[PDB]
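Enquirer: following this: a sequence and the matching experimental structure.
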Number of protein chains: 2
Amino acid sequence: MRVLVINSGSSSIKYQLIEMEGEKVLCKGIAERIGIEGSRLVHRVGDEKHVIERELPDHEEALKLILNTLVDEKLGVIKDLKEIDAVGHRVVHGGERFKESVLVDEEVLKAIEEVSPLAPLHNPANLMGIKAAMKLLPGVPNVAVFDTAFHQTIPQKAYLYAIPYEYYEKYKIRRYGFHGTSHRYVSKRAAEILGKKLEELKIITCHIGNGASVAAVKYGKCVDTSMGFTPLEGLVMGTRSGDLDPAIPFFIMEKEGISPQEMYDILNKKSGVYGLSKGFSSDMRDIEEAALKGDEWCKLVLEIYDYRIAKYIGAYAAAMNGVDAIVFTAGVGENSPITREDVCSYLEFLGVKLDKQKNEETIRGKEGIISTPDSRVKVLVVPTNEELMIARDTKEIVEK
Amino acid sequence: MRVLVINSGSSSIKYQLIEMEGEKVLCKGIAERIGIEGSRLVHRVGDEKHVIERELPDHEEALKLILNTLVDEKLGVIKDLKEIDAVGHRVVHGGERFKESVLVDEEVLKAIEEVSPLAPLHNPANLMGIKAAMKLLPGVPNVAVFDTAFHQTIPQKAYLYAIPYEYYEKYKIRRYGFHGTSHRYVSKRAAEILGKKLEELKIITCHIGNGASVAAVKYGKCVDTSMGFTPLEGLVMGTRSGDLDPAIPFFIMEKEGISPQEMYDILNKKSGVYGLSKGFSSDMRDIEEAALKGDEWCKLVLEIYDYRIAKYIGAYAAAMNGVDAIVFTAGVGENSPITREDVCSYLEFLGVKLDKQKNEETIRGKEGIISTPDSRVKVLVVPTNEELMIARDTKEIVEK
């Protein structure tokens, strides 16, 4: 069966065409700079990278160009458009309604719009992708997979903020969490690698990239996650501040004559790794490189970054009353043996020991266990594949 | 030697007169409603509680009334005012300058004012108490003991927020932490009870009262604390929101047409326990009582409250790479066997087991160990005595 996996953000649509049976990526790419000048499609078919220049005023005309070139028999991969058996969409916010992936009909579509104000910068462009896909591929089923859904199992004690309850009643302000379908993917994948059922494992998953969150996955259900009502909460991120003292923003606004918009922006665009390094970079490996070159200041940014991750592992261990395994994934989790090592140094009191050899080996996309045989808590690097996860939910639903 | 211990807040001075040698409270009390109508002094000498009605326009005239009645030979306790050998003051904020308690001279006094803008609601009234004490008791040494000082050992990785570093350079925005001299008192007291040197213990101290913070006390030095730049960060408090998603305030302000002042207030006066219980109470035992009576909603507030404490213990355990002991103290920590039990249920993965009998016994001011003999992490209830701690620093400094 052939699933087309779509992820439409405000400026772009990026796609993979997966063959379920072989679970093989037939091709992938990105339609970039939609709405802006010099929009284009970057299309990869194995080794080859093809660049197509063209005006793409919106997501529909963009998805058209994608579909056309899936079939164009020079840069193509399938004979017909009938070859696409189903389409799977990443939708950022599902709210409290959507507990798991769903087949999209009018009902679902209306229900997604209703949730859209809870992620105004993301959901609109997801829907744009869905509506465009249903239009250009009539009859082909679409499945929505929600970034927030994996986290819907989180108990009340964990998703209510210590703020007037009216704010939840009235605006549904709670912890929703994000990177759901990634935490779900790697937690499940880790259990398979350990040769054990997911329902008898307490796993802490660390999705650490340009954006980062941790998830506490107790017996297969998520019990807590680092991100909150929005993606600002929790770990240090590329440009996001993570956790801070509720009072700071108010102080900064007042001492500097800054509207809440101007401050929210600063917390969101100019903070985190970028903020800490005085505007050096937001890319964590730019700092890793500079720290290894002897730059004193980066060694600190690195330590700050790692420290907070370590504390979250500790915190969530407490939340589940145990850890059986810890999983690193995403851009940094998969590629920084140093970060993995620093974070784990805080954790030997739990019985965590790394195998230096294995740690340095599992880099650039490889996957495996990094804890020593004797280590009481298992540590794994499981490169995330959120797209495949979508394709798999689409596959299951569509078979019916 | 006789130390007069003072704690001057904006509206009141509260005092204890301690006899170092016996470490006996000769008398204590409070001068209330200074500046407001019907100001008064409540004065306790053992069993007796004496109420004196009088206008007290400011802290000086208030301290005068205190000093007078320390000597009045009906409600008094000392023959002369010469009997007071030293005076110890609680000063909320010490900033980065003051690492430990200091003998007050002009230099110190000026240096405290310089730090005052970092706690505008507290420091001013502390100084008022110092200046009044130096005036009315010329020649008698005054010692300042700083709520932030114990926390000055916290490393950089732990006190810098993931915000533009400029904000620290320019305004000294970092984690300072509070309840310093309480975390210091109980961590030290716990080590004594265990018959072990403080420098070979990893202690997590939980000051849980109307304000609440946790401290990570690694080998006698504090390495992290829950409160931040201000007392808003961390645990759920009586009326304070504790930790929340940086973004929430901005959302609430914008959806409701509320100035940052109006929002900061809501987070500070109407949130936490009060906020969660829809305005029922901010006193945690009011909720404990109602939860035990079968009220479903309070059981939840209780669970939320406890949960976050438990997570902090877990987090800080990770920070120190171990826990040797956990200490409960302050209003709730000392008096809620239920909270202590709930919090510890999350911690058996660390080897924490409570003795139900001992837990329920150590109530209303008693102190002792609550972990079972076999428990791998020791748990103690150590009623806090911040005043005695001040008297002891005053004693040491003054002997010289």
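Expert: Perfect, I can see it now. Residues are numbered from 1 along each chain as shown, chains lettered A, B, ... in the order given.
Enquirer: how far does whichever strand or helix holds residue A:391 sit from its chain's centre?
Expert: Element membership for residue A:391, per DSSP states H and E: helix A:386-398. For helix A:386-398, the separation from the chain centroid amounts to 16 Å (computed by CA atoms, centre = their mean, to the nearest Å).
Enquirer: mind giving me the packing neighbours of that helix?
Expert: Secondary-structure packing of helix A:386-398 (3 or more CB pairs under 8 Å, 6 or more residues apart in numbering or on different chains; DSSP states H and E): strand A:2-9, strand A:12-19, strand A:86-91, strand A:102-103, strand A:142-146, helix A:180-193. Just so you know, the C-beta spots here come from the backbone N, C-alpha and C atoms, and that holds for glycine as well.
Enquirer: if we go to 7 Å?
Expert: In terms of contacts (3 or more CB pairs under 7 Å, 6 or more residues apart in numbering or on different chains; DSSP states H and E), helix A:386-398 is packed against strand A:2-9, strand A:12-19, strand A:86-91, strand A:142-146, helix A:180-193.
Enquirer: just tell me which of these ends up closest to chain B.
Expert: Comparing the helices and strands packed on helix A:386-398 by their distance to chain B (CB to the nearest CB), the top pick is helix A:180-193, with 16.6 Å.
Enquirer: counting by contacts, list what the next helix or strand after the closest one packs against.
Expert: Per DSSP H and E, the first helix or strand lying C-terminal to helix A:180-193 is strand A:202-208. Judged by 3+ CB pairs under 7 Å, 6+ apart, strand A:202-208 is in contact with helix A:180-193, strand A:212-218, helix A:296-320, strand A:325-329, helix A:330-333.
Enquirer: where's strand A:202-208 relative to the chain centroid, distance-wise?
Expert: Taking CA atoms, centre = their mean, one finds the center of strand A:202-208 at 12 Å from the center of the full chain.
Enquirer: so which of the helices and strands packed on strand A:202-208 is nearest chain B?
Expert: Ranking the helices and strands packed on strand A:202-208 by proximity to chain B (CB to the nearest CB) places helix A:296-320 first, at 2.3 Å.
Enquirer: that closest one relative to strand A:212-218, how many degrees between them?
Expert: Helix A:296-320 and strand A:212-218 are oriented at 20 degrees to each other (axes from the mean of the first three to the mean of the last three CA atoms, to 10 degrees).
Enquirer: quick one: helix A:296-320 near chain B?
Expert: Yes: shown here: helix A:296-320 in contact with chain B (CB under 7 Å from any CB of the partner chain) through A:300, A:303-304, A:307, A:310-311, A:313-315, A:317-319.
Enquirer: just give the nearest non-adjacent residue to residue A:216, would you?
Expert: residue A:316 (3.8 Å; CB to CB, 6 or more residues apart in numbering or on different chains).
Enquirer: wait, the one you found touches residue A:204, no?
Expert: Yes: under the criterion of CB atoms under 7 Å, residue A:316 makes contact with residue A:204 at 5.0 Å.
Enquirer: can you check which residues contact both of the two?
Expert: Common neighbours of residue A:316 and residue A:204, counting by CB atoms under 7 Å, 6 or more residues apart in numbering or on different chains, are A:214, A:216.
Enquirer: quick check, residue A:134 in contact with residue A:141.
Expert: No: the criterion here is CB under 7 Å, and residue A:134 misses it with residue A:141 at 9.2 Å.
Enquirer: now the helices: where do they sit in the stretch 1-150 of chain A?
Expert: Counting by DSSP state H, counting those that start in this stretch, the stretch 1-150 of chain A has helices at residues A:59-71, A:106-115, A:123-136.
Enquirer: turn the ones you listed into CSV, columns for mean neighbour count and distance to residue B:340.
Expert: CSV is the format used below for those (neighbours: other CB atoms under 10 Å in any protein chain shown; distance: least, CB to CB, whole Å):
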stretch, mean neighbour count, distance to residue B:340
helix A:59-71, 21, 55
helix A:106-115, 14, 40
helix A:123-136, 20, 44
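Enquirer: can I get those in a markdown table with distance to chain B?
Expert: Shown next, in a markdown table, are these (distance: least, CB to the nearest CB, whole Å):
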| stretch | distance to chain B |
| --- | --- |
| helix A:59-71 | 26 |
| helix A:106-115 | 15 |
| helix A:123-136 | 16 |
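Enquirer: Throw these into a markdown table and include distance to residue B:155, thanks.
Expert: Converted to a markdown table, those look like this (distance: least, CB to CB, whole Å):
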| stretch | distance to residue B:155 |
| --- | --- |
| helix A:59-71 | 48 |
| helix A:106-115 | 42 |
| helix A:123-136 | 41 |
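Enquirer: what about residue A:219, how many neighbours?
Expert: Counted by other CB atoms under 10 Å in any protein chain shown, the residues lying close to residue A:219 total 14.
Enquirer: actually, residue A:83.
Expert: Per other CB under 10 Å, the neighbour tally for residue A:83 reads 14.
Enquirer: surely it is in contact with residue A:2?
Expert: Yes: contact criterion CB under 7 Å: residue A:83 and residue A:2 qualify, at 5.8 Å.
Enquirer: grab the nearest non-local neighbour of the residue nearest the centre of chain A.
Expert: Closest to where the C-alpha atoms of chain A average out (CA atoms, centre = their mean) is residue A:179, at 3.6 Å. Closest residue to residue A:179 apart from its sequence neighbours, by CB to CB, 6+ apart: residue A:207 at 4.4 Å.
Enquirer: and that neighbour, what is it in contact with?
Expert: By CB under 7 Å, 6+ apart, the contact set of residue A:207 is A:179, A:182-183, A:213, A:329-330, A:333, A:384.
Enquirer: name the SS class of the residue of chain A positioned farthest from its centre, please.
Expert: In chain A, the greatest distance from the average C-alpha position (CA atoms, centre = their mean) is reached by residue A:255, at 35.3 Å. When classified by DSSP: H, G, I helix; E, B strand; the rest coil, residue A:255 comes out as helix.
Enquirer: check residue A:280 too.
Expert: Following three-state DSSP, we place residue A:280 in the coil state.
Enquirer: what values do phi and psi take at it?
Expert: Dihedral pair for residue A:280: phi -70, psi -60, per degrees, to the nearest 10.
Enquirer: residue contacts, it?
Expert: Under the criterion of CB under 7 Å, 6+ apart, residue A:280 has no neighbours.
Enquirer: that one and chain B: what is the separation?
Expert: Using CB to the nearest CB, to the nearest Å, we find residue A:280 at a distance of 11 Å from chain B.
Enquirer: repeat that for residue A:156.
Expert: Distance, residue A:156 to chain B, by CB to the nearest CB: 6 Å.
Enquirer: that residue - nearest residue in space that isn't next to it in sequence?
Expert: Residue A:156's closest residue in space is residue B:300 (CB to CB, 6+ apart), at 6.1 Å.
Enquirer: what's the burial count for the one you found?
Expert: Around residue B:300 there are 19 other residues, counting by other CB under 10 Å.
Enquirer: my guess is it meets residue A:158, correct?
Expert: No: applying CB under 7 Å, one finds residue B:300 not in contact with residue A:158, separated by 11.4 Å.
Enquirer: just checking, residue A:54 touches residue A:66?
Expert: No: using CB under 7 Å, residue A:54 is not in contact with residue A:66; the gap is 11.3 Å.
Enquirer: near chain B, which residues of the stretch 51-200 of chain A?
Expert: For the stretch 51-200 of chain A, the residues in contact with chain B (CB under 7 Å from any CB) are A:156-158, A:160-165, A:167, A:171, A:173.
Enquirer: farthest pair in these?
Expert: Pairwise distances across those (CB to CB) peak at 20.2 Å, for the pair A:157 and A:171.
Enquirer: in terms of neighbours, single out the busier of those two.
Expert: A count of neighbours by other CB under 10 Å puts residue A:157 above the other of residue A:157 and residue A:171, at 19 against 16.
Enquirer: which residues sit in contact with the more buried one?
Expert: Contact analysis of residue A:157 by CB under 7 Å, 6+ apart lists B:303-304, B:307.
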